[PDB]
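> pasting an experimental structure with its sequence.
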Amino acid sequence: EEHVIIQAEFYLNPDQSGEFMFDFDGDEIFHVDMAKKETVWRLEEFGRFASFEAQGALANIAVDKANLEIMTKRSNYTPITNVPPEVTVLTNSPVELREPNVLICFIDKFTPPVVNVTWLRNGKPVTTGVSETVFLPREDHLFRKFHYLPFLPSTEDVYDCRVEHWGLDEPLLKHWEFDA
Amino acid sequence: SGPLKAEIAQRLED
Amino acid sequence: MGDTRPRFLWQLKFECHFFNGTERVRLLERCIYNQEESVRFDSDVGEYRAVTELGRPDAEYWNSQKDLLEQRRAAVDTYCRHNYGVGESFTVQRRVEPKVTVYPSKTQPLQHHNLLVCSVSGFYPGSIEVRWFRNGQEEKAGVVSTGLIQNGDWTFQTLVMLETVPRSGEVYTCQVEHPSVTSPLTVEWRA
């Protein structure tokens, strides 16, 4: 009915990737980074009103690895079927010339959660400023991801989100350009 | 406005 | 990726559903091997249940540990209602007012402006009502929308478009209703 809190973890082999996150109504409250073993908050403000002991997360990924091994054997090594993503590229708001804005790339309805994602400006890959989410859950058990790129908009600049995934025979590009 | 609790994962029967 | 070794995925999801605040709460533990959910705990039942044949074993096993069933039946209280209380002030209660703009556009690229866009962005939560008016009379026909779109940073956005022939002297009003405001947001555009 009204509100949904989800605790979602996964483990993926043979990449040995774990994730653990909390999700309030489709939006992420925090995830735990395996590498640093610490709680990353989606907004800095959340760190100020809540706490989480990240050792609980580590402990659960351990059990999920042990579980995945069991389930693998028992299925007779039947592997996941790759499901390629839908991708859309949107703005934060209506774009005016010379007003900083943010291109969003929505990656959606895919599995398993390995996905290579590049931003292109006039064909050339772009690193500065990019940031992204971890993979978020879905009722259907596929995944969603967001990439972000703040930019100063202009007539003579075009962008693309470029996504590669095992379920896609070719890299998938989604274009955006200033229209007036 | 407090600490958040994770529920605990349970091993399968080997 | 130049890599085609098969993959194997295990996921575990604990979902707490709340209805009418904390007054009704339903927890679900699911686990999922490779896109198929094998076994499920539902607080409405208080037992584990296999969802496929592959998970009848693990239901029987978990269903035989009474310390575990007891914990899980109590989790609606010690976990769900717990996290709700902890999160409430900044999730349930979070509110961000939308920026609203109107701007004219074209259904075809080099034709006449025949399309008013009502842009509504940076709002939270996601329940919105957006309505168009010509001269104080609501226009129900010729309206398309992007749907409600989630930016993934705890804000939402929507474009709501009215396909129209703008006749000079006409006043169009895009009207937005949202929990963050007690009376309707309105922006006007003069043809």
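Arrived safely, thanks for sending. Numbering: from 1, shown residues only, chains lettered A, B, ... in the order given.
> correct me, but residue C:54 touches residue C:31?
No. If you go by CB atoms under 8 Å, residue C:54 and residue C:31 don't touch, sitting 10.8 Å apart. Bear in mind the C-beta positions are built from the backbone N, C-alpha and C, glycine included.
> neighbour count winner among the two?
Each of residue C:54 and residue C:31 has its neighbours counted (other CB atoms under 10 Å in any protein chain shown); residue C:31 has more, 24 against 16.
> hang on, the earlier thing: shared neighbours, residue C:54 and residue C:31?
Both residue C:54 and residue C:31 are in contact with residue C:38, where contact means CB atoms under 8 Å, 6 or more residues apart in numbering or on different chains.
> nearest residue to the most centrally placed residue in chain C in space, please, no chain neighbours.
Nearest residue to the geometric centre of chain C (CA atoms, centre = their mean): residue C:126, 6.3 Å. Excluding its sequence neighbours, the residue lying closest to residue C:126 (CB to CB, 6 or more residues apart in numbering or on different chains) is residue C:156, at 4.7 Å.
> do you know how far the one you found is from residue A:106?
Plainly put, residue C:156 is 13 Å away from residue A:106 if you go by CB to CB, to the nearest Å.
> more neighbours: these two, which one.
residue C:156 (23 against 20).
> can you give me phi and psi for the more buried one?
In terms of degrees, to the nearest 10, the main-chain angles of residue C:156 are phi -120, psi 160.
> what does chain A have sitting close to chain B?
Selection of chain A residues close to chain B by CB under 8 Å from any CB of the partner chain yields A:7, A:9, A:20, A:22, A:29, A:49-53, A:56-57, A:59-60, A:63-64, A:66-67, A:70-71.
> out of those residues, which sit inside strands?
A:7, A:9, A:20, A:22, A:29, A:50, A:51 (DSSP state E).
> correct me, but the third one touches residue A:61?
Yes. At 6.4 Å, residue A:20 counts as touching residue A:61 under the criterion of CB under 8 Å.
> so what's the nearest residue to residue A:145 once chain neighbours are set aside up against?
The shortest distance from residue A:145 to any non-neighbouring residue, by CB to CB, 6+ apart, is to residue A:107 (4.2 Å). Neighbouring residues of residue A:107 by CB under 8 Å, 6+ apart: A:85, A:86, A:87, A:115, A:117, A:144, A:145, A:146, A:147, A:163.
> if we go to 7 Å?
With contacts defined as CB atoms under 7 Å, 6 or more residues apart in numbering or on different chains, residue A:107 is in contact with A:85, A:87, A:115, A:117, A:144, A:145, A:163.
> got the buried residues for stretch C:103-119?
Neighbour-count burial for stretch C:103-119 flags C:114, C:115, C:116, C:117, C:118, C:119 (criterion: 16 or more other CB atoms under 10 Å in any protein chain shown).
> so what's residue A:131 bridging to?
Residue A:131 has the following beta-bridge partners by DSSP bridges: residue A:148.
> re the thing from before, out of residue A:20 and residue A:61, which sits in the busier spot?
residue A:20 (28 against 21).
> contact partners for the more buried one?
Residues near residue A:20 by CB under 7 Å, 6+ apart: A:9, A:31, A:32, A:57, A:60, A:61.
> please redo it, this time with the cut-off set to 6 Å
A:9, A:32, A:57 (CB atoms under 6 Å, 6 or more residues apart in numbering or on different chains).
> between the ones in strands among the residues of chain A next to chain B, which is nearest residue C:9?
The closest of these to residue C:9 turns out to be residue A:9 (CB to CB; 11.4 Å).
> the closest one - nearest residue in space that isn't next to it in sequence?
Nearest non-adjacent residue to residue A:9 (CB to CB, 6+ apart): residue A:20, at 4.4 Å.
> repeat for residue A:18
residue A:61 (4.0 Å).
> swap in residue A:30?
Residue A:30's closest residue in space is residue A:41 (CB to CB, 6+ apart), at 4.8 Å.
> try residue C:172
Going by CB to CB, 6+ apart, residue C:172 has residue C:189 as its nearest residue, at 4.8 Å.
> I figured the one you found was touching residue C:102, is that so?
Yes. If you go by CB atoms under 6 Å, residue C:189 and residue C:102 touch, sitting 4.3 Å apart.
> sorry, back to before: paired strands for the host helix or strand of the residue nearest to residue A:145, with orientation please.
Using DSSP states H and E, residue A:107 maps to strand A:101-110. Using DSSP bridges, strand A:101-110 pairs in its sheet with strand A:86-91 (antiparallel), strand A:143-151 (antiparallel).
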